[PDB]
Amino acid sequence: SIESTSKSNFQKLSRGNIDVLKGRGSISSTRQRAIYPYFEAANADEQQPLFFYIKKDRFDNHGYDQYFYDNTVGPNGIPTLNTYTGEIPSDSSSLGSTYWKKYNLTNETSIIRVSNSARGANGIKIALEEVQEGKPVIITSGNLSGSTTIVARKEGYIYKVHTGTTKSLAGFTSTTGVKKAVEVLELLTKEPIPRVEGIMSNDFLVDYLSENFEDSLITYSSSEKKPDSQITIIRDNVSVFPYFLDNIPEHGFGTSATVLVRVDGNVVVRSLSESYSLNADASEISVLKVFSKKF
């Protein structure tokens, strides 16, 4: 039953088994319920004038943050960063969600959804030690349709940044989007005055992450039509996963979910990125590529 399966899903998750997320699509909901772990968040959005935001505050129940919100979508907009519990991982606000609209992970699972901002990046910083045994945490990126997510670890903290644009600014994500992501990472790493003035590209992102974090994973769209998006350099401490690859899937989406779970006293961190194809009516999904990584 939905109930027994959901309980089983939770038990696996609570033991650090990320297979519970494989091939089941995206976890994405606009719901907002307070969760137990403290985490900091930041935003760097490319509008005129430029905008920056650092939040060292908790997200309460029923109450979006207007600076992590987009009024351009739907009859009343949607949050770009929100927290909620696992009784309902995904809702009708998500198209790449199938399995998660039917089954759940119980209300004992805490979820942090980090989407990109209108023209920039949103990011969070969470200490591994904040995680409690029996209370798994999942940082989800929602449905990726061209945006880039970054998961990185540095001195006991996990950083997750999602950058992109909700408008059709061709080439934005692989250039300005990288600038916004680096600025957010700088803001989250104790640099109140970030100074990124060089040439931006996904390669710059790789180099930056290699130099400033212990290990990282970039989930992005690689296209020959937008060559700034193509990574050409290699760094031992930076993994990359092109969920979109030159008009492939022609119709689909990517996912990026990172789980932090304390198993027998030890906090385990695992990240999973997948690429899916969608049918004409977007009613069914098919997994095409997967990247699994332990941090």
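From 1 onward, residues are counted along the sequence shown.
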> Looking at the deposited entry, does 54-62 or 28-36 carry the larger mean Cα B-factor?
Replying inline: 54-62
> Would 137-145 or 183-191 have the larger average of its C-alpha temperature factors, as given in the entry?
Replying inline: 183-191
> In the PDB entry, which of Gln47, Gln230, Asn237, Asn43 has its C-alpha at the highest B-factor?
Replying inline: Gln47
> For the listed residues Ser221, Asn116, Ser94, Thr109, which one has the largest C-alpha B-factor as given in the deposited model?
Replying inline: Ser94
> So where's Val268 on the chain's Cα temperature factor ranking, which third?
Replying inline: middle
>> What third of the chain does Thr173 rank in for C-alpha temperature factor, lowest, middle or highest?
In response: middle
> So where's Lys167 on the chain's Cα temperature factor ranking, which third?
Replying inline: highest
> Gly198's Cα B-factor: lowest, middle or highest third of the chain?
Replying inline: highest
>> Per the entry's values, where does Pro75 land by CA temperature factor relative to the rest of its chain, in the lowest, middle or highest third?
In response: highest
